[PDB]
Structures are given as C-alpha cells and as structure tokens.
Amino acid sequence: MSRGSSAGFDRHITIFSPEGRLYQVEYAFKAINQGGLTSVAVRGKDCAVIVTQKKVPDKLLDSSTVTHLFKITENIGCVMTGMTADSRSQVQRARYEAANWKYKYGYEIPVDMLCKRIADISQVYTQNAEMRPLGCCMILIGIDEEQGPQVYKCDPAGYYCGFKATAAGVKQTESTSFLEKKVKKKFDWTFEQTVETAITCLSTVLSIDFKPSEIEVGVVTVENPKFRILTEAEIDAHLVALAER
Amino acid sequence: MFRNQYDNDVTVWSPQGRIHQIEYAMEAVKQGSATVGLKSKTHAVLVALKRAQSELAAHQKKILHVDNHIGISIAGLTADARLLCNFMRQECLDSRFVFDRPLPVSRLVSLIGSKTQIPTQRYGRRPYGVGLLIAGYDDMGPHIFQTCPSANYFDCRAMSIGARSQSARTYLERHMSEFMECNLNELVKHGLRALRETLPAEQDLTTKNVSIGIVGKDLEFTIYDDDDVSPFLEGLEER
Amino acid sequence: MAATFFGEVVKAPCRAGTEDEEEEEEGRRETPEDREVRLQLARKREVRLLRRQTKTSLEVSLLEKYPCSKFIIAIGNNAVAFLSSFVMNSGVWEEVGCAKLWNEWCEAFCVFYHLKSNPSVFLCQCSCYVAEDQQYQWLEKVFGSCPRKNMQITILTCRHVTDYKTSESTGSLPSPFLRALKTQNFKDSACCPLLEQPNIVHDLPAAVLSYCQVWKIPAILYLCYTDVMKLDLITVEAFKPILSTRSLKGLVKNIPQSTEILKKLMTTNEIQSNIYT
Amino acid sequence: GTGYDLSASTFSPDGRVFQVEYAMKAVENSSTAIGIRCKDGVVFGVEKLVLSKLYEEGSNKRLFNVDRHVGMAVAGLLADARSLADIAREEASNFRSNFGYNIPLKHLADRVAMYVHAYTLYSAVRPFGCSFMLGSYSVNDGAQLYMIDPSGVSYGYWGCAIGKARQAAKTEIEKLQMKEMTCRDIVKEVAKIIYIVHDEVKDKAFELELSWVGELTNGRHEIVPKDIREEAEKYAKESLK
Amino acid sequence: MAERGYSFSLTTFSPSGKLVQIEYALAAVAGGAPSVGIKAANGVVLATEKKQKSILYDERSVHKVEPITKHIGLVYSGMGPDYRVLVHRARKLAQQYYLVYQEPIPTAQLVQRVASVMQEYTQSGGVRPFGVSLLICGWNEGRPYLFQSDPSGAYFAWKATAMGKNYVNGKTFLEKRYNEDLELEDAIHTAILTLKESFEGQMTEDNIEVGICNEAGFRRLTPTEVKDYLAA
Amino acid sequence: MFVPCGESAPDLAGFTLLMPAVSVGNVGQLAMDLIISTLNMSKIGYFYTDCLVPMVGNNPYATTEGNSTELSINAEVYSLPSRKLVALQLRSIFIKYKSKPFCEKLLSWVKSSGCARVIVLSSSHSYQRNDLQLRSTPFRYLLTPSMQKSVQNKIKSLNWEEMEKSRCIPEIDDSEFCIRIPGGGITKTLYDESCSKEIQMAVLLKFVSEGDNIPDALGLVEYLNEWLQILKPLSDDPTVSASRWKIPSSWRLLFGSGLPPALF
Amino acid sequence: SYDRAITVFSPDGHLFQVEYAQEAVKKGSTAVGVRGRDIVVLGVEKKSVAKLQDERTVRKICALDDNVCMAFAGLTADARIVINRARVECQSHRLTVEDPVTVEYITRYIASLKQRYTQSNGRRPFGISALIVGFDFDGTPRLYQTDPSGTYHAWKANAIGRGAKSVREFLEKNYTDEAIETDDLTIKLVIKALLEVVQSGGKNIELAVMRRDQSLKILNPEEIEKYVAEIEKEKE
Amino acid sequence: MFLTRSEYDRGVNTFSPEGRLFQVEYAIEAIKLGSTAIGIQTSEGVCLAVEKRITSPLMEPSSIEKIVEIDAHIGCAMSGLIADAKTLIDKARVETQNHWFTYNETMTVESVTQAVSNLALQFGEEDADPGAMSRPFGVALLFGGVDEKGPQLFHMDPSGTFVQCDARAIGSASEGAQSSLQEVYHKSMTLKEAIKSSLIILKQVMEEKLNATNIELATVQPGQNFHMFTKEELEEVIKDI
C-alpha cells in the first residue's frame, strides 16, 4: 500500500487503457451498488422528492440511526447511494463547501453550484495518484429562487447534471426507464403526484409493496423551501392513499 | 506461500486480517538477550544478560538511565532503543521543567505506545524493533512495564523479554507469589535466578555478564555493573 | 521497484520467479561484450574440489575415488560445531579436499575428512553456503554419476523456527527441536518425528536428500528448528539424540570431553555485530 | 480480490475496497466485546484473555474512559484501539473546550468514525484494524450505544457484539428484552453472554471486564464495582452448567 | 497490451520515443461524442452531440458548448469533468488578461495558456493527462479563429475539424464540403450535416448543441434556432 | 532425465502428459496438485535435472498414516494407466539460465517415451490484459499445429478463446505476430520447442494475479475438465460441486503459520 | 540485493548504481593531468571531431578560478552543472575568507556535490570524474581527482576516461623527476601520454597549461603540433 | 508443497520473518570490502594501525589516509566507504569543537562516539528530515582516544551503534586478525608491544609485504597528543620485525 502506482490498465486511477478508459472510475460506479439500495428523486411543478429504501437487517440495530437522507444546508437535502462511510464523508464535505459559499458570497448556495463544487472535488480525485474516487452518488434537491425545484446528481467520475427525475443504486436503469415513461406523458405533478410517482417507481422496479418503515422520503416545496423528512405516519398516509386508488 | 504479497509492508492487511511486519518486528525483539524485570512492594529491579562476543569487548550497555525514577532494559535493535531512550529522557525533562514533578511511569509508557504505534500504520516506516522493560517508581509504588514493537504495553508483576526468556518467565510465574514481601537483596536474587534460567546448564552468572538496575522507595535508579554486582551474586546458590 | 518517486508505477513481486522473464527476448545477437561478461560471472561462481598439497584439479568425484560406506554431512555453524566437538574429538581424521566456491553469502567450505581407522567413513563440514546454481555442481563433484547404493548418508542442518509451518504460533513451539526426513531405502525408523506435510526443506540438504532418493541410497536428514541460528550451545546440544543411531554409533567415544570442547568453541565466538541489544 | 487488494485506494472490478475488508477480518481476529443498552444505561463487557499470570491485573484494558460520560469498548489490534481512544478523548475535550458542554455521543461517534474512514482512503496509511463501541447516558438524551467498524460506518445499537464470536453473542443478545431492563439485570446477562460464547479450549482462562454508564452512576462511566462483578460472574458460571 | 511497462507510465518514453500514455489519452478523445468546428468567412461554428439524450435531463443545467468571454467559446469531445475544470481555468485566464491589459484576451493567447496547463499535466508522474481535446472559437481583429488543443497540450489552428467518435470520416466529409468563402449560415448547415454523418439515429434539436461566434460575439444557439436550422 | 522408482520404465505408450509451468501465482502447479489428488494417481518416477532449485518434503498427497511418510522431491512423475494419463508435478522454481535446458530434456523424454499429447497448465499476468481481454473470459488456450487429432473441432465446439498473438517486436507497423505468455515461465519455450519438434502440445492458461490462487486453480481444472472429462461433467449433480476436486492435505497453512499472542 | 536503486546494498555489500555511474565515466574521452614543478598541465583527447563544429563550444578543460582549473570525463551536461556550481563556490569562498581557494577546497566541494547526488534514490549521480589541477595560494601545484561517488584523491599524474589504464601505465613508467624539470618537458610528457590512446595525434589533442601566478592558457593547434614535432625528433 | 521466492532484503525498513533487517547486514558486508584496521587499547595508550592499499605509485599517499585526527586526544581508523566515512569524521570534528565552545573542555572519547552514532543511526525515514541519509553508512570507525578515564577504544559499525573494546580488527580480514588479537592480547601489555602485535598481524593478513609506505600507524598516549607515525618512525618499528 505504501506508495507507487499499481501497474495495469484497470489497477490505478491515473492509468488510461489502450481505449482511453479510466477503469477505476468505473469500478467506483460499481461501488455505488455496494449496499443494494435504490434511490429515486422526482421533480414536480413546485416540489422535489427524494425516496430511498430503508433496509435494517438487524433486530438489535437502532433503526432511527439508519438513514441515507441528509441535510446539507437548511434548504438543500440529499439522498446518498453507495458505500455508507463514503456517503457520510461526502455529505460532510458538501456541508463545509456550502457554509463556505454562504460566507464568501453572502447568499445561500444553489443546488447546481453545490453539485458543481462536489463534482470538481471528485474530478480532482480521479486525476491524482494519491486519492481515489468515493464509491457514492449524491442526488441533491432544493427550490432555487426563480427556476423552481431542482434535482441534481453528482457521481464518482466528477460528472454532474440536472434532471427532472433520476435514480441511483441497483435498479437505476429500471427506474430510469419507468420515469422516462412517466415524464413523457405528463410532468406538472402537483405535490402528491410527485410523491406517488417516486414511491411507485421504487415499488415497481423492486416489485415490493412498501411499509412506512421500509422507505424514506425527504421533500422540499416552493411554499416550504426547507428540507423536510417525512415521519412514518406521513409516508403511511401516502402509501394508503396510493393503495386505495 | 500465499503470504508474499501481504508481508513486505506495514501498510498492507493480509486477507486473514494480519499485519506481518509487526510480527516480524516482534521477532526482532526475540533476537536480543534475556533481560528480567520484577518488583516488590518497595523496589523494582531490572536484571540483564550482556553479550560481548565472549572476549575482548566491553559488553553491551543493556540497562539505561531515563530519569531519577525510571530506567529501562532493552532487547532488540540498538538504534531503536537509543531513539526511544532519547524520547523517554526528553519527556522526563519536559515534565520536570513544566510541572516540577517526576513524570508518572504509566504516562511515560502511554506516550511510548503512541510514538511506536505511528510507524506501524504509516508508509515509508518500519515498526520499532526493540522491546523494553521499564522499571519505575512514582506516587503509586514500584512499576514494571513491558513495551513491544507492536506498540502494546503491559503492566507486569514480573517479566522477562529477549532470547530464551520463556525459561525466565516460567521461573517468575512459579515464584511470583513471594516477590512482594522480598527485600531488595532477595528480590535481586530472584531476578538473578530467573536470568540464570535463561542460560545453558553449563554457563553461570558472573560479574562480567550481569547488569542490574534498582529503583525504589529510597533509591534513585542505579545501575550495577562488572564489579558492583558482586554483592548481589554472592549468595546465589548453584543451579 | 518499490516506488522511488511519487506515483511511480510499481510491479508486484512474483513468487514463481517469472519476473526475470527467464531471459526472454533472448537476443540471438548477444554481443561478445555480453558473452564475455556472462562467462566471467559463470566462472567466478564455480565449485571446485581440490586436494591438500595438490591444491587444484581433483578431476574426479570425491566418493568415486575413495570407497565409502558411511557419509555424514553437517551444514551450517551449529551442525559443523556439533559434528566436530562430538565426532572429531576421537581418533585421527584426514582431510582429502575442500570445495572452493564464491558467493555473495560466502564461511569455511566443506573440508572432507575420511577416518584413518575406517577409510570408508566420511564427513563434509560446510559452514559453506552453496547457492542454487552451485548445489548440483557440488553433488557431481562429491558423489558423481556412479551412485553406489552401499552408502548411508546422514545430513545434519539447522533451520530457524520461524520456517516451521504450524497452526500455532512459531513462538510457542519448544525450540530447538529435531525433525527428520528419510528416503525410502532407509529401513530404520527415525529417532525424531518426521517433518510434517506442508513443511519442506530447500537447500544443499535438500539436494543431497533428493539425490539419495532418486538414486536409491539410504539417507536421513536431521533438522534442528532453533530460535537462535548463530553458534549456540543449546542448538548444538539439540543434535545429541542422533548419537544413539547406527550411523553415529562407533564415532562417539567421549561425550564428557565433548562438552568441554564445545564450551571452548563457544568461547571462540566469531564476533557479533551491534545490530541488537 | 487478488490484484486489487494491496491498497486502500484500489477498487475491485466490482467496486470493493479489499484492504478495508481485510481490516474488518482483523477485527474478527480478537476476543469478543458486547455492549447492551437498557432502559436506564449502557453496560459493556469484554471476554478479556489472560495472556500471562505475570501481568498486573488491569493491564491491557479494553474498556476506556473517553470522557466523563462516555465509555469505549474495543476489539481488533489493541495498539490501534488505544490510538483511537486517544483520538476520541481529544475530540471530546476539544468539543468541551470550544462549546462548554459535554459532547453528544452521536456527534462523538461521527467524529471518530469519520477519522477511521479518512484512513480508509489513502495509499499512505492503512485502515484501522480495530472496531469499538461507545456508550453514554444523559438525563436529557437517554442511554446511547454506538459501534464504529474499520470502514468508518457507525450505527446506533440496542445490543452489539464485536470480535471473534460476534455472531454467537448477537444470537444470545437477541433473546434479551433489553428495552425494559435496568443496568443490574443487564450486567448479570452480559456476564452470562460473555461466558456462553467463550471457547474454553481454543482460548483459555479469560477474565470478565464489566463496565457501565447509567443513572446508577449518574451519567458517569465506571467499572462495575468488585462485588457486583463477583455476583455477575457467579450467575454467569451457574447458568453455564 | 503492456509493452514493458512503457504503456503504464506517463514519464517513460518507449524505445522508439513514443509516449504511449498520452496517445491513450487521445483515445479517450476519439471515443468521446462527436464535435465539429467550421471557420466560415465571417464566423465560426461549434456543433456537438449531447450525451444527455433522454427526456429526463434538465437542459438549463449543464452544457457542452461554453463561453469563455464575450468573443471566445469552447466545445470538447472526451471526458466531461476534465473539460469543466479546464473551462473554469480558461475563464480565469481570460479575466486575468482583461484585468492586466484592459482588453479582451485574443483567441490565440487563450489557447496557448490552456495548452500550457495541459502540457504541465503530461510531464510529472503520479498524475494523469487530460482526457479532453478542446475546440476554441473566437473572433478578434475582424477575423475568426478556430483552434484545437489536445491532451498533450499541442494546439492547432484549423479551418474545419472534427473530434470525438468517427472523426476521420468526419474530417473526410469536411474536406469535400469546406470552402473558404463559406458564410456563417452555410457553415452552420455544413456543421450540422457533418454531425449528422456520424450520429446514432434521428437527430433532434434536443440531442445536439450548436454555438456560433461572429462579430457580435460568441453565442449558444437556443433549441428553437437549432430546430430551425435542422428543418432546412 | 526420467528415473523410475523400480528399475523399469512404466511404458507410457500412448499416454497424455499433463504438466504444469512455474507461472504467475503457481496456478499450473496448484491445478496439478488438484488433478493428482482427485484422480488418485500413483508415483512412477522422478524427473531429475539440474534445472530446478532442489527441495524435499514428505508425501504432499498423504491420506493415511502409512503413505504420509513417502519422501517427495521437486519434480516427480505420476501415472494412471487406466485412463492413459501421466502427470508431472514441478514443486520448485527454475535456476537462472536453466529453463530452456529443462524444456529440451523434458520434450526429448516426451518423444522417446512415446507420449501422444502434452497438456501444459499455466497462467499469465492479468495486469497486462488489454481493453478486450478485461471483458472476456480469463481462460485461453494454445494448440501446436500438430495437435489436430480431431481436438481442434472439439475445442471449437467448446467455445474457447485462443491466446492472442502479439507482435514479435513492437514499434514496427508491420507487426509480425507470435505468441507471448507474459508470466507463463516455460510455457512459451515449451510451445516453441513443441512446434519445432512436432509434438502435440496444448496450453491451457488463466489470467491470474498473486495471492490466494486456489480459486484460480479450481477454475483451471474445470477448464481442463470441460475439454478432457477427467471427471463427471460440471453442473449435472445436485450441486455436489466443491466436493468434486479432492484438496490435497498439503494445502494446509497456505498463508503461513498461526497468529502471535499479545497482538489483538 | 541488486542495482536499479541508488541507495540499495547488494548482499556482497556493493552499491552498484554508483559503480555504473563510474562506468559512464569510463566511456568519455581520455583526460590526462600531470602535476609539474612550477607548471600544471591538462590534456584531453578530442574524440571524433566533426569538421562542421565550433570547437570552442565542446571544450572539456575549464577554469574555475584564476588559480584552479579542471578537465572532466563522462557525461558532458552533468559536467557543465558541476563546473558552474564550482565556479560559484570559488567566488563565494573568496567572499567568505578573502583567500583564493586551495585546490583541495574546491575538489572537496565538487566531491560533496557529487556525494549529495549519490544519496536519495529519487536523484541521479553525476556521471563525471574530474581532474582539478591548480596552484595553492602559497604556490604549491596540485592535482586532484573526484569520481561520481564523492571520493577524491591527490595525484602526481593521472588519467581518467577511456584508455585511462594504458595512459596511467605509461605515466607510471615515464613520470620521473627528470621529466618535470622544465615546463616544456611536462607539456611533452602529457602529450606523449595522450599519444598512447590517440590515433593521428596532434589534431585530436586539447592541451591547456597553467603556470604559477598565471591564468589558464589553452595551447592552439599550432603550438601543439610544434610540441608533437619535437617529440618525433626526440624519438630519432 | 511448493518452493517460492521470498525477498525481504531489497529495501530498508523491511524485517525478514526472522526479526532481521538485511540492508544493514549488507552494509556490514560493505565494510568487509575495506582495508584492515587494527586498534589495540592498552594502559599506556591506544594504537591504530591500518593497511593503506595504495593503488598507483602516482598517487599522493597523504591523501588516502585511513587514520585521521578528530581532536588532539582522539583519532579515528576507517574501513569501508570513504565518502561516508568522511561525513562521520567531519561530524565528530565539528562536535568536538561545539563541545569546546559551549563547555570549555575536551569532549571524551565516548561522547564523540555517541554524537557520531546519533548521526549514523538516522537512516530510513527519509521523508522526515530531508538531508537525512536514507541507507546505512557503509563504514566502520575505530575511535581511539585518551580522556579522563585513560586510554579508550570504541567501535562503530553500519548501525550507528558503538561498543567499547580492547582490541578490534575491522576491514577485509577482520575475522583472522580478530582471532589473532584473541590470543596475542593481554589486559596489561605495553604500548610498544601493542604496536608490535598490530604490525605483526597486519603483516599476516596483507597480500603484500610490510614497507613503511603501505601501512599507517597512529598512537594516542596520556601525555602526548594524537600522533601519526612518520616514514622513519614506521621504518624503525617494522625493522623491529
């Protein structure tokens, strides 16, 4: 471990392969699936919703400490997918960078600027031989000022992009197809319709009827811009309202 | 055989969850010569076997003086022992300067533990290949501590380290029930008999190959060498 | 190789020795500058039996000029010290050659003695460290290509206890201990437990045992697994059980004086360096 | 994952950092520590193995005091565990110096776990081969029990076991209705569980190391007093047969 | 394919003098999305293919055709993050030039400074080249400029070029259809056609990006303008 | 040369010689241990040469206390005349400048003894795998031109991938193509000399790294068993796999020895 | 246990990378230095002169100060670096103590620089050896030699480079007190030593002499040919 | 099973599975390429004799001196790598002058040896104090001096570690010369006989013959300073045979 670079086309981060591919970055992308959890983020007319699986495979484990939805700033929340410690460390970095932005520029960081900053750091990790990517994906949500709801997805390669709906985790492709089909039809989902869309995507690509304790939901709204994590009663209300229909 | 990729560096975990350079450093400790430490209710003595190539050389300096209340006996690499002794002496000076009181032995040993733990995690370093038997005396009585290349330290009633020190430890385990009420003379004799147990049946302890260091309630740390050990060796019954 | 600078591309060790490429891209256009160097290096590291007062050109294998019925090889400091103290303390032993060899780790070479009373008995005394590409040459210079099967070879050597492969820790074992490894034609049982199955021996002792196995000679290899591999009294005394064995049966006359010879030879004590204590 | 496992900065072709996995197996190398959170405190207990009869009783402790209110039970390399005890003590003292009150246990667990993670990131240092549990009690916070492992993942537990026999001990903890027990009955059950999962032949001659923090110590981490530890050991022995 | 480790080190020449880790970084460029630059008689055109090709992308978020100043604009083919880090640097360098000389940076000066940054990254060891080749379009002194800077840090002034996937066929197409007297409108038509050459199916205004640079300055065409150009 | 164990050659009239190569990871040698143990083959001789570092140890295939004391040397020949199979097991490493001499001595033995085929179990460096080889199967094969006794069609039906021919000397655009097994040890020398001598040789190999290389050995013997059927065909049992190659008793303590105390 | 690292001992106790740097020295053009009574001479062979070259630019004899001079054999770029550091050090010593460097002082400094580069296997030794002639401040002629390892010795006459062994044998057999009596005999002895490895002599020979209290003087080809003609006359 | 290549000697900072660092023992082998130096400590003084091994007759012998002066009461004998030896010699010289400046007295022999050892044991650990050495010094020294405790002789090897001695041989024939010093030495012998034995052993272990040009003798006596024997003094001592 001490020092040096491992020889091989897929064994160091700063080695290209004959086809110009950085394979350690792609292996980090596979590290996102380490955990077996899928996240869905859906942008609506006036709200953004992040929904993630909450697997607690231990009777002895205090379930209120298991969470993947984090609060970056007062008005930005994220769902982290991937390796758990890497997720928590990237949340810590995003928190610091957002505080610095507010310090320097006098106003609170936007969502796109936060994912851009995190992706700049991630690019620096991919280019240098001492560091490694983080095996995690960040999906950020917020209400901007004059654009509206925002869902952004940073990734281990340093790439980021805004979306109308996005997924990360094991069922990222299945969820992306589901949300593409939903968004082609109509997109101005009010607030309930976005929550139903996110929950239905998660519960369809996993073919699982959810319980309020197998799912986490964090939301922002234009009228309530602050990141909020729904209680189990609220998620259960949404699930029963989806089941009755 | 499946071990070669994972034992060349102290920064590589073997797929069995073992750092192997740490264990090899522990072997480096076993390559010294036996030294014994034991304590009574009032004294803490350090007895060491010296090698001098058996002729024409002053023997190794195996018991070192750290402060008026702390002294160490070394087994393993000499350069590491000197580095650690310089560290111990500087820390004792700092304690006397800042706080005017003798640094507690347990606190010194904790500092050694941290200092020697850093090389066992970092790149471009190797563990310390020396093991120490620290004899101290502070407000809490006599103390015997054993420090390891792995950066572990142990509070001992008695301990032997070095080459063929298992025999001394067998003796000390057999006889430790009477160490506490021993006076200085027979405590040093107990240490001498253990150190002798680390020898072939033919060889015997002489003044030329025995070094002793006592600290105690009244004593400051003193080292007895080459002719000062005669009062202690004269009364030692044969094997 | 191990990262001389930051981000230097390093290749992992290969335990099969295939990082040498086995001299691949052989380059059939080897310059005579290269061939002279290769032949000079091959000449520097040659083994050579030479006779006393002859000093060169023994010209024939050592066991095929003199007849043999018993051959004791001791390899390393402790085996040589044991064999000298406990066997040459008896009647006169006559030297019939050394094996000069140059090496990076080589250190008295094997002097070969044959007993005057019984000329058929022989001893090799290597503190000599024979390198891999010298062991087969040593075998051909000593035994040769006519392996008479009347011999009883007996190899003695020492190994570090950390070479023992055991499920316990190699610090809990009661060193030094003797382990044996005998060939198929060695009819008698060993005086010590046979070495285990994951454990192997790999050097000149292994060369001699392999030769004796292939050519159907009786041979026993005695391994002292010691925690002190320098000249040590306990390690030398670890070989004593061997004295009650038919090979070393008539050669051990006075054991009490052998302990005194041994104490003297320990007081000689080639000087240790200051790496330790 | 051979070929991709000599550095903590290398990903396996399936997104696995294997040096960190080998460090967690390193934790599996050592004897077991369990921690049980009850209705009014936390109780730690370590199957401490007697290396020699020559060691002064109390040496090689694995139950540290990290702050006035926090106690730490460790497994894995003991040198690594002591270094992490030093780090946790520094974090608690720094928080108190800056902000003037006792550090919350969740925040302490985050700080130390993020240190451990920071070691799982570089080629210059190796991951910690040690896992540990933190346990506190405050009147305004209740009992709290956290476990950090070598990868830097800290969760909150109701009962945890780290070490060689974590699985058997975890099976034995699950039978306890710890959410409705006081620290005394938990001490007796902790001793019982330590005695059950001890392997009497492979390992030999262990000594219990019990500790609590609760309201019976007024939110102060302590060693279980000698008499209560004797009662717990006697209960544990009599239950074994 | 490990030529005696000449393949894996950035600071080792091969026995023939090649640096076969900077040409593997040129294989990341030639495996990126296609780009086209056409320097007309009164402007430059930068057309690229978007990787964000599905309906689920906010298209007010992230762009591949970027402005450096009012008169300079970039497109890339290669690795997007490297592009972003170089774009922010190019913007900083342009503003430093303005702050010192009180004049907008010339296109050639900007290309030189960016190329020096890339070259730095191809010489140390423990670091990795950039996986992007840029096209810089600018307008200075009543004269269009089209440059290309590759991962090695060696820049070229072009009349027309193509990067990314299928760029040899793209350059062959451009040779047969480029003439110096081309006007900016015919240049936009030709650039869209060259992209349409090597394109994976039906081409919409929402899966290609176009940015022009004329006297008025660099500007990224809106999806309506690209829709109009595609309809003709 | 070949030295029997009983003053008589065993008459390997039309046998198939299975041999390892001392290659990266010792995968060929570990696969040979698996084959010799599972088939329960009996030692018939030695391959005594100047070429391998000498080593010795008791029976590595001990099953009872009777045969656990049978000495073994670095190169030993085993046989199974029921299946007309003979196996060499090299247990050491080659001495500098001595790999080729071993290859000519061994192939001369193959021609003289009358062996029909040779099959070399080997391995190669997997850090040198290029863009494609990363996304292909780890296993490759080579057949010398003579090895065509209806086995080219069999290998073709098995859907195996031939070892990729690199260019003999790089930096030349013409790129004359010849095989290059980096980290195969004597594999390339054996192949070239078999092609010269007109011997039916096959080379089966895996791209492996070093470490616990027992999974790689099991994979390589399953590759060979896809070809030869030296064992009942794979997923045909009630998953009685893992119980179908007999692990030799010498495959013990493969990471060294036990854990020292006072650590952990 | 091998070469390929600067700071690694082989099991025999050899640092082979430094020895390979000295191999680099043994390929350079032969440099001969002879210490006389009141003149000190330096001579380097001009190996494979190209006709279209400004010979002023490829000279291997250099002045370090007004009393010290130096010829080198090895890699010429390393030699340029070492020479310019030595020049700065000569001036800096004059600034420190006002006195001209003794030839040993600058030899010691050059050797310490080379020895700094033989450490730290992230650096590369200098593949040069130097022949530092000069006069001390009290007028004693000196001749020193440094080698890539950082090791220097004082000589009466010496040769470095390719064919240093033949030239050094010639010097040992031919350097007496009667070959040193005059300045001319010292010059002719250096030319004769160089004629032992130089084919077509005179045009492949670069002499430079330094007399006491005088600066370095390079002998032009005319003077060198006159000396060579005198040598052939003395051959009879 | 199998014999495999294991290498633990190609880098410093690597212990073998035996507790043993091989790059330091290879530096001791580097000593064994030097010339033989014999130091004898008597009660009348300490003598230092070294074998010079002049390579060419054209080389100034005064520039290859293997016995140097650290101060008026200390002298060193060298064997091994010269470039390293002179670094340690200069450390000794500067240290003695620092001691005189600060404390106005002569540094004792053991203190000089300890200062040189502090310099010499600081290898490895290169990225900690740049300008450090990064490998063991390949030189063994023999400090022979006269101080408050009478004549004294010390020995330092490529470890940065010193031991006091009474008769040492270092260099290429240190084993044979040490075996000779083993009997020829007795604890109360005069300095003339120490010089006698040194030169007899040097004659025994040299491939050439004793002339006053191929050896080098120095002595340090309690009243007299460090003294290097001249051509005529050496001539007389050798013609004493």
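Start at 1 and count along the chain as shown; that gives each residue its number.
If you check the header, you will see the structure was determined by electron microscopy, 2.9 Å.
Using the three backbone atoms N, Cα and C, a Cβ is placed for every residue, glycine included.
Its own atom aside, the Cβ of E:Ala2 (N-acetylalanine) has 18 Cβ atoms within 10 angstroms in the protein chains shown. The N-acetylalanine feature in Swiss-Prot is assigned to E:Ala2; the stated evidence is a large-scale study or a structure entry.
Less than 8 angstroms from the CB of E:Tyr6 (phosphotyrosine) sit E:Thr12, E:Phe13, E:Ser14, E:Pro15, E:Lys18, E:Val20, each of them six or more residues away in the same chain. For the recorded site, E:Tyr6 (phosphotyrosine), the DSSP three-state label reads coil. What Swiss-Prot records for E:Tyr6 (among others) is phosphotyrosine, and it gives similarity to another entry as the kind of evidence.
Among the features that Swiss-Prot reports, phosphoserine is placed at E:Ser7 (among others), with the record citing a large-scale study or a structure entry.
According to Swiss-Prot, the feature phosphoserine maps to E:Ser14 (among others), an assignment based on a large-scale study or a structure entry. Taken residue by residue with DSSP, E:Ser14 (phosphoserine) is part of neither helix nor strand, so it is coil.
The phosphoserine annotation in Swiss-Prot covers E:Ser16 (among others). Listed in sequence order, the same-chain residues six or more apart from E:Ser16 (phosphoserine) with CB atoms under 8 A from its CB number zero; the list is none.
In three-state terms derived from DSSP, E:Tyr24 (phosphotyrosine) belongs to neither a helical nor a strand segment and is classed as coil. Applying an 8 A CB threshold to same-chain residues 6+ apart, the list for E:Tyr24 (phosphotyrosine) reads E:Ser7. The annotation phosphotyrosine is assigned in Swiss-Prot to E:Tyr24 (among others) on the grounds of a large-scale study or a structure entry.
In sequence order, E:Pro104, E:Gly217, E:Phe218 are the residues near E:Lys70 (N6-acetyllysine), counting only same-chain partners six or more apart with C-beta under 8 A. According to Swiss-Prot, the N6-acetyllysine annotation covers E:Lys70 (among others).
DSSP assigns E:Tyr76 (phosphotyrosine) to a strand. Swiss-Prot lists E:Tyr76 (among others) with the feature phosphotyrosine.
Here E:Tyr121 (phosphotyrosine) comes close to E:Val127, E:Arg128, E:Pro129, E:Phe130, E:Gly153: these same-chain residues lie at least six apart in sequence, with C-beta atoms under 8 angstroms from its C-beta. The phosphotyrosine annotation in Swiss-Prot covers E:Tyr121 (among others) and is backed by similarity to another entry.
A helical conformation is recorded for E:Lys171 (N6-acetyllysine) in the three-state DSSP classification. Just so you know, the Cβ of E:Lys171 (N6-acetyllysine) picks up 17 other Cβ atoms within 10 Å once every protein chain is counted. Swiss-Prot lists E:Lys171 (among others) with the feature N6-acetyllysine, giving a large-scale study or a structure entry as the kind of evidence.
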### E:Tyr76 (phosphotyrosine) and E:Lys171 (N6-acetyllysine), distance between Cα atoms, whole Å
16
#### Entry: modified residues near chain A, Cβ-Cβ under 8 Å, from E:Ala2, E:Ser14, E:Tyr24, E:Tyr76
E:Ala2, E:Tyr24
### Task
List the Cα distance (Å, whole number) between E:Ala2 (N-acetylalanine) and E:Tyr76 (phosphotyrosine).
29
### Task
According to DSSP, folded down to helix, strand and coil, what is E:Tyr121 (phosphotyrosine)?
helix
### All-chain count of other Cβ atoms within 10 Å of E:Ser14 (phosphoserine)
17
### Message
Taking only same-chain residues 6+ apart in sequence, whose CB is under 8 Å from that of E:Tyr76 (phosphotyrosine), what do you get?
### Response
E:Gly32, E:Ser35, E:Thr48, E:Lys64, E:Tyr83, E:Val132, E:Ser133, E:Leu134, E:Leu135, E:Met163
### Local Cβ density at E:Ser7 (phosphoserine) - other Cβ atoms counted within 10 Å
24
#### Entry: Chain F contacts among the modified residues E:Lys70, E:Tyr121, E:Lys171 (Cβ under 8 Å)
none
## Note on the structure
E:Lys70 (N6-acetyllysine) falls, by three-state DSSP, under coil
